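Structure below is data_8.pdb: PDB, C-alpha atoms.
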ATOM      1  CA  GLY A   1      66.426 134.181 216.048
ATOM      2  CA  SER A   2      65.611 135.288 212.516
ATOM      3  CA  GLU A   3      62.772 137.521 213.738
ATOM      4  CA  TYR A   4      64.832 139.143 216.497
ATOM      5  CA  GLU A   5      67.828 139.730 214.216
ATOM      6  CA  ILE A   6      65.714 141.351 211.487
ATOM      7  CA  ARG A   7      64.046 143.661 214.006
ATOM      8  CA  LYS A   8      67.440 144.601 215.435
ATOM      9  CA  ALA A   9      68.710 145.537 211.966
ATOM     10  CA  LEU A  10      65.538 147.473 211.193
ATOM     11  CA  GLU A  11      66.004 149.408 214.451
ATOM     12  CA  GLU A  12      69.540 150.264 213.336
ATOM     13  CA  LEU A  13      68.103 151.377 210.008
ATOM     14  CA  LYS A  14      65.535 153.534 211.827
ATOM     15  CA  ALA A  15      68.315 155.227 213.782
ATOM     16  CA  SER A  16      70.345 155.786 210.593
ATOM     17  CA  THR A  17      67.290 157.267 208.841
ATOM     18  CA  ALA A  18      66.814 159.695 211.738
ATOM     19  CA  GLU A  19      70.502 160.664 211.652
ATOM     20  CA  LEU A  20      70.078 161.336 207.917
ATOM     21  CA  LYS A  21      66.964 163.445 208.530
ATOM     22  CA  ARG A  22      68.868 165.621 211.009
ATOM     23  CA  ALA A  23      71.796 166.006 208.620
ATOM     24  CA  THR A  24      69.457 166.966 205.784
ATOM     25  CA  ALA A  25      67.954 169.707 207.970
ATOM     26  CA  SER A  26      71.398 171.150 208.663
ATOM     27  CA  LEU A  27      72.477 170.854 205.020
ATOM     28  CA  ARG A  28      69.394 172.637 203.714
ATOM     29  CA  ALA A  29      69.979 175.486 206.204
ATOM     30  CA  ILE A  30      73.549 176.107 205.145
ATOM     31  CA  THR A  31      72.420 175.861 201.477
ATOM     32  CA  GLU A  32      70.022 178.754 202.027
ATOM     33  CA  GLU A  33      72.847 180.696 203.699
ATOM     34  CA  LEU A  34      75.159 179.854 200.769
ATOM     35  CA  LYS A  35      72.641 181.262 198.312
ATOM     36  CA  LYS A  36      72.360 184.446 200.374
ATOM     37  CA  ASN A  37      76.073 184.939 201.168
ATOM     38  CA  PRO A  38      78.266 183.037 198.709
ATOM     39  CA  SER A  39      82.068 182.957 199.054
ATOM     40  CA  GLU A  40      84.898 180.489 198.505
ATOM     41  CA  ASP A  41      85.075 179.819 202.250
ATOM     42  CA  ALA A  42      81.337 179.101 202.329
ATOM     43  CA  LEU A  43      81.562 176.805 199.303
ATOM     44  CA  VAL A  44      84.411 174.779 200.822
ATOM     45  CA  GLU A  45      82.433 174.282 204.025
ATOM     46  CA  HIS A  46      79.354 173.362 201.958
ATOM     47  CA  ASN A  47      81.252 170.775 199.897
ATOM     48  CA  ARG A  48      82.571 169.263 203.130
ATOM     49  CA  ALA A  49      79.014 169.108 204.506
ATOM     50  CA  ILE A  50      77.759 167.378 201.345
ATOM     51  CA  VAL A  51      80.427 164.698 201.721
ATOM     52  CA  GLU A  52      79.414 164.099 205.337
ATOM     53  CA  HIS A  53      75.779 163.803 204.246
ATOM     54  CA  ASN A  54      76.695 161.335 201.509
ATOM     55  CA  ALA A  55      78.559 159.248 204.097
ATOM     56  CA  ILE A  56      75.328 158.909 206.092
ATOM     57  CA  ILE A  57      73.492 157.778 202.967
ATOM     58  CA  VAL A  58      76.197 155.174 202.377
ATOM     59  CA  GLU A  59      75.719 153.814 205.908
ATOM     60  CA  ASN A  60      71.927 153.731 205.402
ATOM     61  CA  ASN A  61      72.432 151.682 202.230
ATOM     62  CA  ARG A  62      74.846 149.347 204.029
ATOM     63  CA  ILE A  63      72.196 148.597 206.653
ATOM     64  CA  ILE A  64      69.540 148.105 203.952
ATOM     65  CA  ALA A  65      71.792 145.525 202.272
ATOM     66  CA  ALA A  66      72.205 143.719 205.611
ATOM     67  CA  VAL A  67      68.426 143.625 206.149
ATOM     68  CA  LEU A  68      67.942 142.196 202.639
ATOM     69  CA  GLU A  69      70.364 139.357 203.376
ATOM     70  CA  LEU A  70      68.575 138.530 206.643
ATOM     71  CA  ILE A  71      65.201 138.513 204.882
ATOM     72  CA  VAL A  72      66.514 136.200 202.144
ATOM     73  CA  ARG A  73      67.781 133.798 204.805
ATOM     74  CA  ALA A  74      64.418 133.892 206.613
ATOM     75  CA  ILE A  75      62.319 133.089 203.534
TER      76      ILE A  75
ATOM     77  CA  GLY B   1      45.958 143.466 202.206
ATOM     78  CA  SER B   2      49.648 142.705 202.610
ATOM     79  CA  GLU B   3      50.052 142.060 198.875
ATOM     80  CA  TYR B   4      48.211 145.220 197.823
ATOM     81  CA  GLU B   5      50.086 147.406 200.320
ATOM     82  CA  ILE B   6      53.502 146.105 199.232
ATOM     83  CA  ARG B   7      52.678 146.704 195.568
ATOM     84  CA  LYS B   8      51.479 150.216 196.381
ATOM     85  CA  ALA B   9      54.767 150.998 198.142
ATOM     86  CA  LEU B  10      56.787 149.482 195.308
ATOM     87  CA  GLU B  11      54.872 151.691 192.851
ATOM     88  CA  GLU B  12      55.805 154.710 194.972
ATOM     89  CA  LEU B  13      59.401 153.510 194.899
ATOM     90  CA  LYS B  14      59.220 153.163 191.104
ATOM     91  CA  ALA B  15      58.016 156.752 190.815
ATOM     92  CA  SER B  16      60.780 157.967 193.156
ATOM     93  CA  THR B  17      63.404 156.063 191.135
ATOM     94  CA  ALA B  18      62.162 157.745 187.950
ATOM     95  CA  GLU B  19      62.246 161.174 189.618
ATOM     96  CA  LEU B  20      65.848 160.418 190.636
ATOM     97  CA  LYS B  21      66.751 159.353 187.091
ATOM     98  CA  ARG B  22      65.443 162.655 185.715
ATOM     99  CA  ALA B  23      67.320 164.645 188.350
ATOM    100  CA  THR B  24      70.531 162.758 187.600
ATOM    101  CA  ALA B  25      70.186 163.665 183.911
ATOM    102  CA  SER B  26      69.862 167.351 184.767
ATOM    103  CA  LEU B  27      72.718 167.224 187.286
ATOM    104  CA  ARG B  28      75.110 165.573 184.849
ATOM    105  CA  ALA B  29      74.291 168.240 182.227
ATOM    106  CA  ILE B  30      75.056 171.161 184.494
ATOM    107  CA  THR B  31      78.238 169.333 185.643
ATOM    108  CA  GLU B  32      79.491 169.271 182.058
ATOM    109  CA  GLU B  33      78.647 172.979 181.766
ATOM    110  CA  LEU B  34      80.465 173.652 185.064
ATOM    111  CA  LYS B  35      83.593 171.971 183.742
ATOM    112  CA  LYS B  36      83.416 174.064 180.571
ATOM    113  CA  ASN B  37      82.505 177.426 182.158
ATOM    114  CA  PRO B  38      83.410 177.490 185.853
ATOM    115  CA  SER B  39      82.592 180.489 188.070
ATOM    116  CA  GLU B  40      81.494 181.136 191.645
ATOM    117  CA  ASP B  41      77.915 181.702 190.470
ATOM    118  CA  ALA B  42      77.968 178.379 188.612
ATOM    119  CA  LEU B  43      79.418 176.551 191.617
ATOM    120  CA  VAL B  44      76.753 177.924 193.971
ATOM    121  CA  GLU B  45      73.999 176.789 191.615
ATOM    122  CA  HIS B  46      75.718 173.394 191.274
ATOM    123  CA  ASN B  47      75.982 172.913 195.048
ATOM    124  CA  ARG B  48      72.285 173.766 195.349
ATOM    125  CA  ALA B  49      71.475 171.198 192.644
ATOM    126  CA  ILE B  50      73.506 168.515 194.442
ATOM    127  CA  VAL B  51      71.527 169.114 197.630
ATOM    128  CA  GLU B  52      68.246 168.763 195.741
ATOM    129  CA  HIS B  53      69.501 165.512 194.210
ATOM    130  CA  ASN B  54      70.530 164.186 197.616
ATOM    131  CA  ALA B  55      67.039 164.987 198.917
ATOM    132  CA  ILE B  56      65.562 162.702 196.247
ATOM    133  CA  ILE B  57      67.931 159.923 197.286
ATOM    134  CA  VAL B  58      66.817 160.384 200.891
ATOM    135  CA  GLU B  59      63.167 159.988 199.858
ATOM    136  CA  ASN B  60      64.042 156.866 197.826
ATOM    137  CA  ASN B  61      65.705 155.369 200.911
ATOM    138  CA  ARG B  62      62.701 156.283 203.069
ATOM    139  CA  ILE B  63      60.407 154.348 200.731
ATOM    140  CA  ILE B  64      62.829 151.396 200.662
ATOM    141  CA  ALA B  65      62.723 151.278 204.474
ATOM    142  CA  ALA B  66      58.906 151.276 204.362
ATOM    143  CA  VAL B  67      58.875 148.386 201.867
ATOM    144  CA  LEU B  68      61.258 146.405 204.101
ATOM    145  CA  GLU B  69      58.921 146.798 207.075
ATOM    146  CA  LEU B  70      55.926 145.632 205.020
ATOM    147  CA  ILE B  71      57.863 142.601 203.775
ATOM    148  CA  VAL B  72      58.918 141.675 207.324
ATOM    149  CA  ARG B  73      55.285 141.842 208.430
ATOM    150  CA  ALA B  74      54.199 139.666 205.486
ATOM    151  CA  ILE B  75      56.723 136.883 206.132
TER     152      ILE B  75
ATOM    153  CA  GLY C   1      65.041 129.878 190.042
ATOM    154  CA  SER C   2      63.851 132.404 192.604
ATOM    155  CA  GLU C   3      66.701 131.526 194.979
ATOM    156  CA  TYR C   4      69.394 131.705 192.295
ATOM    157  CA  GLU C   5      68.079 134.994 190.887
ATOM    158  CA  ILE C   6      67.945 136.664 194.312
ATOM    159  CA  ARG C   7      71.500 135.569 195.101
ATOM    160  CA  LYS C   8      72.678 136.864 191.728
ATOM    161  CA  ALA C   9      71.128 140.275 192.427
ATOM    162  CA  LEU C  10      72.570 140.346 195.938
ATOM    163  CA  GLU C  11      76.014 139.605 194.467
ATOM    164  CA  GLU C  12      75.553 142.563 192.118
ATOM    165  CA  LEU C  13      74.570 144.655 195.124
ATOM    166  CA  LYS C  14      77.693 143.480 196.975
ATOM    167  CA  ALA C  15      79.859 144.575 194.055
ATOM    168  CA  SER C  16      78.089 147.957 193.888
ATOM    169  CA  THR C  17      78.562 148.452 197.647
ATOM    170  CA  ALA C  18      82.290 147.768 197.261
ATOM    171  CA  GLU C  19      82.527 150.203 194.335
ATOM    172  CA  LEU C  20      80.823 152.798 196.558
ATOM    173  CA  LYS C  21      83.239 152.105 199.422
ATOM    174  CA  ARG C  22      86.213 152.713 197.121
ATOM    175  CA  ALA C  23      84.683 155.919 195.777
ATOM    176  CA  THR C  24      83.996 157.161 199.302
ATOM    177  CA  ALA C  25      87.664 156.614 200.195
ATOM    178  CA  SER C  26      88.778 158.703 197.225
ATOM    179  CA  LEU C  27      86.184 161.412 197.899
ATOM    180  CA  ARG C  28      87.169 161.782 201.543
ATOM    181  CA  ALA C  29      90.843 162.128 200.522
ATOM    182  CA  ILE C  30      90.228 164.929 198.067
ATOM    183  CA  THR C  31      87.937 166.598 200.666
ATOM    184  CA  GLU C  32      90.837 166.756 203.114
ATOM    185  CA  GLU C  33      93.018 168.201 200.338
ATOM    186  CA  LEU C  34      90.277 170.736 199.504
ATOM    187  CA  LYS C  35      90.194 171.908 203.107
ATOM    188  CA  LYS C  36      93.977 172.300 203.100
ATOM    189  CA  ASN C  37      94.377 173.901 199.646
ATOM    190  CA  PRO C  38      91.111 175.453 198.466
ATOM    191  CA  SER C  39      90.777 177.053 195.015
ATOM    192  CA  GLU C  40      88.155 177.355 192.289
ATOM    193  CA  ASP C  41      89.899 174.633 190.274
ATOM    194  CA  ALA C  42      89.859 172.325 193.302
ATOM    195  CA  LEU C  43      86.187 173.046 193.992
ATOM    196  CA  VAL C  44      85.172 172.282 190.398
ATOM    197  CA  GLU C  45      86.993 168.952 190.526
ATOM    198  CA  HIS C  46      85.400 168.234 193.925
ATOM    199  CA  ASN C  47      81.879 168.985 192.668
ATOM    200  CA  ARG C  48      82.507 166.662 189.720
ATOM    201  CA  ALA C  49      83.678 163.936 192.121
ATOM    202  CA  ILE C  50      80.553 164.347 194.271
ATOM    203  CA  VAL C  51      78.351 163.849 191.214
ATOM    204  CA  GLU C  52      80.222 160.667 190.300
ATOM    205  CA  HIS C  53      79.784 159.412 193.867
ATOM    206  CA  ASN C  54      76.067 160.185 193.792
ATOM    207  CA  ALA C  55      75.782 158.211 190.544
ATOM    208  CA  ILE C  56      77.147 155.137 192.339
ATOM    209  CA  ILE C  57      74.585 155.591 195.105
ATOM    210  CA  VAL C  58      71.847 155.778 192.476
ATOM    211  CA  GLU C  59      73.005 152.469 190.973
ATOM    212  CA  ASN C  60      73.110 150.883 194.454
ATOM    213  CA  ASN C  61      69.506 151.981 195.024
ATOM    214  CA  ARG C  62      68.476 150.641 191.609
ATOM    215  CA  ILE C  63      69.830 147.206 192.527
ATOM    216  CA  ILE C  64      68.131 147.357 195.944
ATOM    217  CA  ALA C  65      64.803 148.039 194.209
ATOM    218  CA  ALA C  66      65.381 145.031 191.929
ATOM    219  CA  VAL C  67      66.115 142.772 194.918
ATOM    220  CA  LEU C  68      62.914 143.963 196.630
ATOM    221  CA  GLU C  69      60.841 143.018 193.585
ATOM    222  CA  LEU C  70      62.418 139.547 193.449
ATOM    223  CA  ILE C  71      61.756 139.015 197.159
ATOM    224  CA  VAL C  72      58.109 140.075 196.776
ATOM    225  CA  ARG C  73      57.698 137.576 193.941
ATOM    226  CA  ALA C  74      59.303 134.812 196.030
ATOM    227  CA  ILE C  75      57.059 135.298 199.073
TER     228      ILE C  75
END
Target format structure tokens, applied to this file:
Amino acid sequence: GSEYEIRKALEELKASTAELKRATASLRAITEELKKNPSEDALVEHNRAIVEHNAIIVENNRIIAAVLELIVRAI
Amino acid sequence: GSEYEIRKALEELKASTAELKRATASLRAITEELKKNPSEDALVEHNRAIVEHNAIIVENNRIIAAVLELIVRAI
Amino acid sequence: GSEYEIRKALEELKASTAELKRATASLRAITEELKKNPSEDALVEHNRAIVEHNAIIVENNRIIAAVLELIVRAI
């Protein structure tokens, strides 16, 4: 069903958005610690954390694109 | 009204997109300065700027998700 | 045509998503190399790569916003 499939994808998007919100909270906390106590080791960890955060954004966009296709098929 | 609400959310998305465009312009400028004059202090500031930019993307995605829900209710 | 225009924009989104997938693959590879062999020179290159990746996300979001407007006009 078009309606059921769209809601399923929107629920996946909701879960991805919440995962992103949690990751943003962690990233902002280590950013404040980086500003207080900078070092090469801290920067490397911070860069790695940014990349993980970007990967969550990419998944969020992938789901958005899937919802758009389902909508276009429904209309 | 479904039509009015969707347009309101799209106007919020338009404003978020413009905020992101301005932030990208700033971020690219400090990236060119980082490449010219690297240092730990410059890297820490740059990492902090990336995180702020990512936070704007996250807000843009949040608005997109809200528009998708309004569309699904309208169809 | 509303249908043709939406499909054209979704094809542009598909191409942008694939560009992002390729960039993510590169970014993850240099992140693993950063963790193995950190240095200031490696960090500067990594920061520059993050910014390029973020610019692809921004373009993906721009296309998404354009698809949303076309959908709203079609419904």
Checklist entry - Hey, what's within 10 Å of stretch 25-38 of chain B if we count only C-alpha atoms and toss same-chain stuff fewer than 6 positions away? As an MDAnalysis selection string, please? => result (chainID B and resid 45:46 49:50 52:53) or (chainID C and resid 40:41 43:45 47:48 51:52 55)
Item to check | Distance query residue B:12 at most 12 Å, all atoms listed in the file, self and fewer than 3 positions along chain excluded, as a ChimeraX atom specification | outcome: /B:5-9,15-19,59-64,66-67 /C:65
Checklist entry - What does the distance from atom CA of residue B:14 to atom CA of residue C:24 come to in Å, to one decimal? => result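 Separation between atom CA of residue B:14 and atom CA of residue C:24: 26.4 Å.
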Please define a box with edges along x, y and z of the file around all atoms of stretch 49-56 of chain A given in the file, extend it by 3 Å on each side, and return its centre and edge lengths in Å to one decimal, as lines of an AutoDock Vina configuration file.
center_x = 77.9
center_y = 164.0
center_z = 203.7
size_x = 11.1
size_y = 16.2
size_z = 10.7
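In this model, the gap between atom CA of residue C:68 and atom CA of residue A:11 comes to 18.9 Å.
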Checklist entry - Do you have the atom CA of residue A:2-atom CA of residue C:71 distance handy? => result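 Rounded to one decimal, the two atoms are 16.3 Å apart.
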Checklist entry - For chain C, which residue among B:69, B:23, B:75, B:58 is the nearest when counting all atoms listed in the file? => result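 Among the listed residues, B:75 lies closest to chain C.
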